[PDB]
Structure formats: structure tokens, C-alpha cells
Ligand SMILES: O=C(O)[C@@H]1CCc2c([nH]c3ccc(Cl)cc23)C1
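One chain follows as C-alpha cells, the form deposited without the named molecule.
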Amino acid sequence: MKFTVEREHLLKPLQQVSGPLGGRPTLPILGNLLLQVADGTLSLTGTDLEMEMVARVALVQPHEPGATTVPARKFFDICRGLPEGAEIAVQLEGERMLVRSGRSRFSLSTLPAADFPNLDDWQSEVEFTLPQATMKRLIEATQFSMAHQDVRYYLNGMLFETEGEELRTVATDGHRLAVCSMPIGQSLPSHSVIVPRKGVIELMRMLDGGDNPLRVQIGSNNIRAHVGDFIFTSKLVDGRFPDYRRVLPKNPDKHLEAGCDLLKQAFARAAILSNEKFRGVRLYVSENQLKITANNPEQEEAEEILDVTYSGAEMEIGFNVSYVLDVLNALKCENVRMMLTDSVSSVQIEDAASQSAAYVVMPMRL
């Protein structure tokens, strides 16, 4: 195996296939990158045995086919540390990979490519394309509502659902939920899968905000995403994910509208004097007014009063203010709508000018 590639044509793929900072790995070889030269292409692969990242680099300079594996971080750091425009010449010498550029020389330990884990081929059952910006919006809208290392593994992931011409994400941890839907202009089969946290992170990381579209393929136990000359694949998560349709309050009779930032800053200040564990705040809604209160065990108290748009019946309700602040921070908009029912029911929160995303927060008895 031999190749010579310009620094700039290696750096991006090497970064693409790096994956998360974890370790120590199950096998030593999982800390290595698989390098394969065949048919005029260098392929670079990283895996943790469940997800896999593969980049392809066309080789315009002379090259010889073959494969090896090398320490991923060291190889990347070497390439990154070389000067702009550097010609990175790679070859094998016994059990080492030689990397040479100008008067810089490196010798890295290898492990056999034949020993690198090859995940099984699988069959696509659902396929669609969408802009990178749409995937970005879908994941960012909901990601914060995924559970955190819950024993119910399925809540730690994110639902991806096709219905009609829309892709939808749902995330929930039992206490609050987020759902976002976006049209992608294709007739889709009705289907849903659960992508694990680590897969969601990589789906986000692979977006570069350039013009390449995202091509997705869903199998029975896997999902693949292609962007340019990069492929990411992840296992799916088993389990039945909650139906968002059952979580949206059935028929909220009361609607409140307010400036997002004004509302956010009022909750943020009140939150300072809320219980550090339970984070409870109380809302009192009245004609065009919201009063927010908070107190903690040492009897410190916050009160905020705001003008808002509200003509419904007066009511009182408690919420975990972190959950509310999470939502207002994910809504990146001028005005918000809160859809209420009563003090023992959930609230739905949305951009006042868009129903693309909805958020549900359950009340607290206070």
C-alpha cells in the first residue's frame, strides 16, 4: 500500500471519521483507522463495532493498492501538524506505516487490516434525500429532550419518522417532549425508527453546511447517511417509542402569547431562587398578565410580572423551570404561544408563527 495526498485532501476526511472522545476501546484496534487503497481511491474507516464512519478520497497522484490500520489520533495529529499544502507520502515498511513530508518523517505502529472489524452488509428498506439544513433543524429542535442514560434505552435515543412528505423527529424523557416535522417533497412510506444518542451526535456532526444534500437509507436494524464522499452508519434501537400524538394535550382551551426573550429572561431570573433540586416555579395567568414566582427552602423568593396576550380564565400552574427554559432556548423566535388547559395538565409551547415544532411540559404539584 502506497499513496501521496495533499494535506488538505486528508484533513477533512480524517476529521470526518474520528468519532467521539471515548476510550479505552474494547479492542486495541478500535483506536485505529483502517486505510484501504483500491481502484484509485483511499478509503478511511473508523468504528466502535456499532457505528461506522467511512470517507473516500480520490487518488490523483501515484499509488499502490493495499490496506493497513494505524493509531487514529496520532495519524490525524501528524497530518494536522504539517504545514499548509504539505505532500503527505505514505508507505508500509514491515509492521510500520511511514509518513513523510519534506524533512518531517514518522513511523507508526500498525495492526493488520485483515483484523479490522467489518460490519455486515444490510439491505435498505426506506430511502429519501433532504437538505442538510433540514436535518439540522430537525435534530436541534428536539435533541435536548432525549433522556440521559435512562435504563429504558429507547428514551436515550431519538425517533425518526416518515409520514406523507414529512420527516419528523421526536424526543422525550418521560417528563417533557419535543417533536418537529419538516416537508422534504417526496412521497414517503409510513415508518419510524429509534436512533441512539451516539448516532444522533454523528448525524449532526457530519453536516458541514455546504450544498451537498443528505441521502438516507433505513434498514431493519441500521440507518445510513451519505453526504458527499462520507458515509455514516449506526445501529438502531429496539423498543416501542412513545406516540407523540398521545402526549400533546388533547384540547387546550387557553392560549397565551408572549415575547420569547422577555418570557425567557423572566423565567431565568426567577429560576435563581427556585429549589436547586426540583426547580419549581409557579405561573399565575390573568387578563394580559403573567406572574412567575419562585422560592427555595431558605425562604428566598422571586417574583416577575410581564404583560402578555391572554384573555382566558385565570389559572395557576407549576413547572420545572429548567424544562421551560430548555424549550424557550430551542425556540429561536420572536413570540411564543403557550397552550394551557388547567393546573393538573400539560402545557404545549410553540413558536407563535409556526407549528413546525411543538413542546410538551408536564406540570408540578406545588
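Residue positions are given as counts along the sequence shown, with the first one as 1. Take the two forms, superpose them, and find the largest set of C-alpha atoms that agree within 1.5 Å; that set is the rigid core.
Root mean square Cα distance to the shown form, taken over structures and residues in 5 other deposited structures of this protein after a core fit, is higher for 79 to 87 when 79 to 87 and 278 to 286 are compared. Structural divergence in 5 other deposited structures of this protein between 206 to 214 and 150 to 158: following superposition by the core, 150 to 158 has C-alpha atoms lying farther from the shown form. Across the other entries compared, at least a third leave residue 26 without coordinates even though the residues on each side are present. As recorded in the PDB entry, 144 to 152 is the stretch of 176 to 184 and 144 to 152 with the greater mean C-alpha temperature factor. Annotation for 267 to 275 versus 226 to 234: the higher mean temperature factor (C-alpha) is found in 226 to 234. Comparing C-alpha B-factors across 202, 211, 84, 257 in the deposited entry, the largest value falls on 211.
The PDB entry assigns the greatest CA B-factor among 73, 291, 246, 198 to 246. The entry lists a Cα temperature factor for residue 160 that places it in the middle third of the chain's modelled residues. Looking at the C-alpha B-factors along this chain, the one for residue 94 belongs to the highest third. When the modelled residues of the chain are ordered by C-alpha B-factor, residue 62 sits in the middle third. When all modelled residues of the chain are sorted by CA temperature factor, residue 102 is found within the middle third.
The PDB entry assigns residue 166 a C-alpha temperature factor belonging to the highest third of its chain's modelled residues.
In what follows, reference is made to the form deposited with the named molecule bound, a form of this protein that is not presented.
Three or more atoms of the named molecule, overlaid from where it sits in the entry with it bound, fall within 2.4 angstroms of backbone or C-beta atoms of the displayed form, which makes the pocket blocked. This chain is drawn without the named molecule; in the entry with it bound, the residue among 247, 200, 258, 113 with a heavy atom within 4.5 Å of it is 247. This chain appears without its partner; in the entry with it bound, the one residue of 138, 283, 294, 155 with a heavy atom within 4.5 Å of the named molecule is 155. Residues within 4.5 angstroms of the named molecule in the entry with it bound, judged by any non-hydrogen atom, belong to 170 to 178 and to none of the other stretches in 93 to 101, 212 to 220, 130 to 138, 170 to 178.
Residue contact with the named molecule in the entry with it bound: residue 362 places a heavy atom within 4.5 Å of it. The named molecule in the entry with it bound comes within 4.5 Å of a heavy atom belonging to residue 242.
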